[PDB]
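Novice: First, the structure itself, so that you have it in front of you.
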Amino acid sequence: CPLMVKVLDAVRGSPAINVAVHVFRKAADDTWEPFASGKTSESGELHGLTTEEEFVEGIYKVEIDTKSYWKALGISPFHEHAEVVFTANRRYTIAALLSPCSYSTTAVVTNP
Amino acid sequence: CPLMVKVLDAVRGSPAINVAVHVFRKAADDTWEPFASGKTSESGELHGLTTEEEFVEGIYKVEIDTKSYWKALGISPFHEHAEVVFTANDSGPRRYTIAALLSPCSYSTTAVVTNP
Amino acid sequence: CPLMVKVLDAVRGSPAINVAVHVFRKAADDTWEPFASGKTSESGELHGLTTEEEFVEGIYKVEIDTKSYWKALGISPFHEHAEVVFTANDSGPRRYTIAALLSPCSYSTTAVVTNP
Amino acid sequence: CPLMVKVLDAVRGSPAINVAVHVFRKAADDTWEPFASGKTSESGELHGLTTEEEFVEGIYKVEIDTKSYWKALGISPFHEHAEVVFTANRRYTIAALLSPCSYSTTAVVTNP
Ligand SMILES: Cc1ccc(C(=O)c2cc(O)c(O)c([N+](=O)[O-])c2)cc1
Ligand SMILES: Cc1ccc(C(=O)c2cc(O)c(O)c([N+](=O)[O-])c2)cc1
């Protein structure tokens, strides 16, 4: 897997489980084209979104459905979602740490 | 001033100066319409984007041009920008500060919502 | 006012009000000596901790009582406190804002250092 | 391993490698007693700090030598170090995301 997403819950101090994640690629039209999606696991990780052949250079958008996550926990959230937009060139992990009114995100890029 | 944006630089430990910020509001037809824009000041703050009359209920998008910020400092950052999307004023008018702390490959954002 | 502390609450999206802050300075004998303390205000800010004369070169420790903050709100947090330790004024006087953003099991801290 | 430390570099977008980490336990005297230490791996992780029998309830202090890390990279840091102090009761991961003038830390507590 060249692209992985990890989501953490800063209120509970745990992985953020069953968070929906959608990934898009920017098309020539500068339209966002669907690319991959899934739900984080019990470890807060979402693997196997794409393959090395399919993950070409380009601009990608990762949309994390933070609002539904907090809703499911009965906690009032500020944001509609959390979007991460980046240019791909290696292995990429996009990590997000979530609070109801705040989030942070970082890239962890490593070479096998 | 019911919508303020503040941007900090986590590398230099300073305000993030002259950062372009564009604000959009979701229209009836579900498209993003331009709402207001500006640049952060020497203090990292952007005031005067809107007014109490103009800032009605709605879904707003604050797009912070982090890429140009870092590129102007000779750094190639990870993110294209940092977008913050939220529903405003659903229970009446509020005052909103959207703050972002920037690093070349990471950012965090928070909201300070107060009742004037 | 050369040392300010600002604390935000990432759960409520608001200033963190009435947070106790204790500041220490490392002494010649390598022990921590009490330097100043206070509580954050309604805006989450703590001003007036020290003065330009009193805030000399040194290593300082800012201990933010995050545990009491959360416990008073009925939350059992992860951390005992949040400590920020830094060398101040090594290249001349600066103005320092130490900011912290709090969640029950996480916090972040940053510094804004400006030249008055 | 009931206690693990993971350190990430927000400037480079990568694990923070070869960061020294010291763990202390609060003694009855309210003195900080050395407990474990190590250096993060190429993945930014430090495992095998302790055992389940040795990791009893109590107050622990994790000191991350952020200043040396940034020094080794030729980057001027603000903080002397990053300290994380918490009470143990499960498996604990203490994660830290580092910038030269900022850091964040969170707890990821999971049950096997
Ligand atoms: C670690 C962190 C992350 C984000 C913030 C932050 O969002 C913030 C918000 C403010 O209104 C504000 O005045 C300052 N400040 O002066 O430093 C910071 C503050 C701290
Ligand atoms: C405060 C903070 C915020 C974000 C991160 C963070 O990005 C991160 C990345 C990982 O690959 C990862 O495995 C974990 N973890 O398990 O805790 C956290 C790490 C620390």
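We label chains A, B, ... in the order they appear in the structure tokens, count residues from 1 in each chain, and number ligands from 1 in the order shown.
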Using only C-alpha atoms, find which residues of chain B lie within 8 Å of chain A and jot them down as a PyMOL selection string.
Specialist: chain B and resi 78-87+105-111
Novice: Please write out the residues within 10 Å of ligand 1 as a ChimeraX atom specification, counting only C-alpha atoms and all ligand atoms.
Specialist: /A:102-104 /B:4-10,13-15,43-45,96-102,107-112 /C:4-10,13-15,43-45,96-102,107-113 /D:101-104
Novice: Could the residues in this selection be written to a file with C-alpha atoms, as a PDB file, in the first residue's frame?
Specialist:
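New file out_11.pdb:
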```
ATOM      1  CA  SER A 102      -9.996  21.163  16.288  1.00  0.00           C
ATOM      2  CA  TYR A 103      -7.933  18.788  14.199  1.00  0.00           C
ATOM      3  CA  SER A 104      -4.357  18.410  13.064  1.00  0.00           C
TER       4      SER A 104
ATOM      5  CA  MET B   4     -11.291  36.490  12.241  1.00  0.00           C
ATOM      6  CA  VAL B   5      -8.514  34.239  10.971  1.00  0.00           C
ATOM      7  CA  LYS B   6      -5.184  33.867  12.754  1.00  0.00           C
ATOM      8  CA  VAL B   7      -2.182  31.984  11.314  1.00  0.00           C
ATOM      9  CA  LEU B   8       1.011  31.003  13.175  1.00  0.00           C
ATOM     10  CA  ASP B   9       4.316  29.554  11.890  1.00  0.00           C
ATOM     11  CA  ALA B  10       5.516  26.556  13.993  1.00  0.00           C
ATOM     12  CA  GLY B  13       7.776  30.512  16.211  1.00  0.00           C
ATOM     13  CA  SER B  14       6.076  33.628  14.941  1.00  0.00           C
ATOM     14  CA  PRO B  15       2.924  34.922  13.264  1.00  0.00           C
ATOM     15  CA  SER B  43       0.511  39.886  13.825  1.00  0.00           C
ATOM     16  CA  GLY B  44      -0.699  36.883  11.783  1.00  0.00           C
ATOM     17  CA  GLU B  45      -4.286  38.130  12.080  1.00  0.00           C
ATOM     18  CA  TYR B  96     -15.599  32.988  15.215  1.00  0.00           C
ATOM     19  CA  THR B  97     -11.821  32.908  15.281  1.00  0.00           C
ATOM     20  CA  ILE B  98     -10.358  30.305  12.919  1.00  0.00           C
ATOM     21  CA  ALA B  99      -6.733  29.701  13.905  1.00  0.00           C
ATOM     22  CA  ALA B 100      -4.169  27.587  12.080  1.00  0.00           C
ATOM     23  CA  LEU B 101      -0.664  26.580  13.128  1.00  0.00           C
ATOM     24  CA  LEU B 102       1.573  25.790  10.146  1.00  0.00           C
ATOM     25  CA  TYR B 107      -0.975  21.888  10.209  1.00  0.00           C
ATOM     26  CA  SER B 108      -3.549  22.074  12.944  1.00  0.00           C
ATOM     27  CA  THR B 109      -6.625  24.221  13.112  1.00  0.00           C
ATOM     28  CA  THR B 110      -9.000  25.208  15.858  1.00  0.00           C
ATOM     29  CA  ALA B 111     -12.059  27.349  16.373  1.00  0.00           C
ATOM     30  CA  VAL B 112     -12.779  29.848  19.137  1.00  0.00           C
TER      31      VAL B 112
ATOM     32  CA  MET C   4       1.937  35.864  28.056  1.00  0.00           C
ATOM     33  CA  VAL C   5       0.214  32.490  28.223  1.00  0.00           C
ATOM     34  CA  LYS C   6      -2.891  31.659  26.205  1.00  0.00           C
ATOM     35  CA  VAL C   7      -4.942  28.460  26.648  1.00  0.00           C
ATOM     36  CA  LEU C   8      -7.712  27.180  24.344  1.00  0.00           C
ATOM     37  CA  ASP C   9     -10.209  24.307  24.781  1.00  0.00           C
ATOM     38  CA  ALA C  10     -10.428  22.070  21.652  1.00  0.00           C
ATOM     39  CA  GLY C  13     -14.072  25.506  20.883  1.00  0.00           C
ATOM     40  CA  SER C  14     -13.483  28.325  23.317  1.00  0.00           C
ATOM     41  CA  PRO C  15     -10.873  29.928  25.563  1.00  0.00           C
ATOM     42  CA  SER C  43     -10.387  35.259  27.020  1.00  0.00           C
ATOM     43  CA  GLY C  44      -8.069  32.343  27.901  1.00  0.00           C
ATOM     44  CA  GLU C  45      -5.172  34.778  28.326  1.00  0.00           C
ATOM     45  CA  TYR C  96       6.982  35.432  24.311  1.00  0.00           C
ATOM     46  CA  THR C  97       3.475  34.068  23.962  1.00  0.00           C
ATOM     47  CA  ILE C  98       3.176  30.449  25.104  1.00  0.00           C
ATOM     48  CA  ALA C  99      -0.070  29.023  23.720  1.00  0.00           C
ATOM     49  CA  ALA C 100      -1.604  25.639  24.466  1.00  0.00           C
ATOM     50  CA  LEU C 101      -4.601  23.930  22.886  1.00  0.00           C
ATOM     51  CA  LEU C 102      -6.212  21.379  25.213  1.00  0.00           C
ATOM     52  CA  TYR C 107      -2.474  18.922  23.903  1.00  0.00           C
ATOM     53  CA  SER C 108      -0.321  20.979  21.608  1.00  0.00           C
ATOM     54  CA  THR C 109       1.794  23.967  22.447  1.00  0.00           C
ATOM     55  CA  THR C 110       3.483  26.650  20.420  1.00  0.00           C
ATOM     56  CA  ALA C 111       5.561  29.753  20.934  1.00  0.00           C
ATOM     57  CA  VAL C 112       5.173  33.171  19.330  1.00  0.00           C
ATOM     58  CA  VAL C 113       8.418  35.127  19.832  1.00  0.00           C
TER      59      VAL C 113
ATOM     60  CA  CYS D 101       8.813  25.862  17.897  1.00  0.00           C
ATOM     61  CA  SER D 102       5.795  23.663  18.611  1.00  0.00           C
ATOM     62  CA  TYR D 103       4.838  20.131  19.542  1.00  0.00           C
ATOM     63  CA  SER D 104       1.704  18.142  20.213  1.00  0.00           C
TER      64      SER D 104
END
```
Novice: Just how far from CA of residue 14 (chain D) is CA of residue 66 (chain A), in Å to one decimal?
Specialist: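 Computing the Euclidean distance for CA of residue 66 (chain A) and CA of residue 14 (chain D) yields 24.2 Å.
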Novice: Show me, as a VMD selection string, the residues that have an atom within 8 Å of region 24-27 of chain B when counting only C-alpha atoms, minus same-chain residues fewer than 4 positions from it.
Specialist: chain B and resid 31 to 36 58 to 62
Novice: Take the residues that were just selected and, keeping N, CA and C atoms, output them as an mmCIF file, in the first residue's frame.
Specialist:
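After the write, result.cif holds the following:
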```cif
data_model
loop_
_atom_site.group_PDB
_atom_site.id
_atom_site.type_symbol
_atom_site.label_atom_id
_atom_site.label_comp_id
_atom_site.auth_asym_id
_atom_site.auth_seq_id
_atom_site.Cartn_x
_atom_site.Cartn_y
_atom_site.Cartn_z
ATOM 1 N N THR B 31 -23.191 25.123 -4.950
ATOM 2 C CA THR B 31 -21.860 25.562 -5.347
ATOM 3 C C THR B 31 -21.268 26.483 -4.280
ATOM 4 N N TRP B 32 -19.946 26.650 -4.345
ATOM 5 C CA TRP B 32 -19.208 27.549 -3.462
ATOM 6 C C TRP B 32 -19.187 28.943 -4.071
ATOM 7 N N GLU B 33 -19.738 29.904 -3.366
ATOM 8 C CA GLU B 33 -19.649 31.264 -3.860
ATOM 9 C C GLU B 33 -18.623 32.078 -3.076
ATOM 10 N N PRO B 34 -17.841 32.917 -3.764
ATOM 11 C CA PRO B 34 -16.869 33.777 -3.065
ATOM 12 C C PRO B 34 -17.569 34.674 -2.054
ATOM 13 N N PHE B 35 -17.008 34.745 -0.842
ATOM 14 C CA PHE B 35 -17.608 35.529 0.238
ATOM 15 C C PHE B 35 -16.722 36.683 0.694
ATOM 16 N N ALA B 36 -15.434 36.444 0.909
ATOM 17 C CA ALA B 36 -14.526 37.495 1.340
ATOM 18 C C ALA B 36 -13.113 36.947 1.230
ATOM 19 N N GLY B 58 -25.052 29.846 7.424
ATOM 20 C CA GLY B 58 -24.641 29.152 6.221
ATOM 21 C C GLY B 58 -23.498 28.213 6.514
ATOM 22 N N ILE B 59 -23.076 27.508 5.465
ATOM 23 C CA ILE B 59 -21.858 26.703 5.520
ATOM 24 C C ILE B 59 -20.750 27.502 4.854
ATOM 25 N N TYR B 60 -19.648 27.687 5.573
ATOM 26 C CA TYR B 60 -18.547 28.495 5.084
ATOM 27 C C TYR B 60 -17.293 27.657 4.920
ATOM 28 N N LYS B 61 -16.446 28.089 3.997
ATOM 29 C CA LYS B 61 -15.180 27.431 3.701
ATOM 30 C C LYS B 61 -14.100 28.491 3.773
ATOM 31 N N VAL B 62 -13.107 28.285 4.639
ATOM 32 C CA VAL B 62 -11.944 29.166 4.749
ATOM 33 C C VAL B 62 -10.759 28.400 4.176
#
```
Novice: Name the residues in contact with region 47-57 of chain A at a cut-off of 8 Å, using only C-alpha atoms, excluding same-chain residues fewer than 3 positions from it; report them as a list in words.
Specialist: residues 1, 2, 3, 4, 5, 36, 37, 38, 87, 88 and 89 of chain A
Novice: Keeping only C-alpha atoms, write the selected residues as a PDB file, in the first residue's frame.
Specialist:
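Writing done, so here's out.pdb:
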```pdb
ATOM      1  CA  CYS A   1       0.000   0.000   0.000  1.00  0.00           C
ATOM      2  CA  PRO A   2       1.465   3.327  -1.117  1.00  0.00           C
ATOM      3  CA  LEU A   3      -1.246   5.379   0.641  1.00  0.00           C
ATOM      4  CA  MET A   4      -2.609   4.889   4.151  1.00  0.00           C
ATOM      5  CA  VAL A   5      -4.807   6.991   6.428  1.00  0.00           C
ATOM      6  CA  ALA A  36     -10.761   5.335  -3.230  1.00  0.00           C
ATOM      7  CA  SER A  37     -12.668   5.153   0.056  1.00  0.00           C
ATOM      8  CA  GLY A  38     -13.127   3.099   3.199  1.00  0.00           C
ATOM      9  CA  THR A  87       0.735  16.537  -4.301  1.00  0.00           C
ATOM     10  CA  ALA A  88       2.094  12.995  -4.601  1.00  0.00           C
ATOM     11  CA  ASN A  89       5.765  12.850  -5.699  1.00  0.00           C
TER      12      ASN A  89
END
```
Novice: Name the closest residue to ligand 2 among the candidates A:22, A:39, A:91, A:71; distances are taken between atoms, counting only C-alpha atoms and all ligand atoms.
Specialist: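 Closest candidate: A:91.
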Novice: Kindly give the distance, in Å, that separates atom 12 (C, counted along the ligand's line) of ligand 2 and CA of residue 65 (chain B), rounded to a single decimal.
Specialist: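 CA of residue 65 (chain B) lies at a distance of 26.3 Å from atom 12 (C, counted along the ligand's line) of ligand 2.
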Novice: Write down as a ChimeraX atom specification the residues of chain B whose backbone DSSP state falls under strand (DSSP E).
Specialist: /B:3-9,14-15,20-26,32-39,45-46,58-64,82-88,95-103,106-114
Novice: What lies within 8 Å of residue 95 (chain C) using only C-alpha atoms, ignoring chain neighbours under 5 positions off, as a list in words?
Specialist: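 In the requested format, the answer is residues 1, 2, 3, 113, 114, 115 and 116 of chain C.
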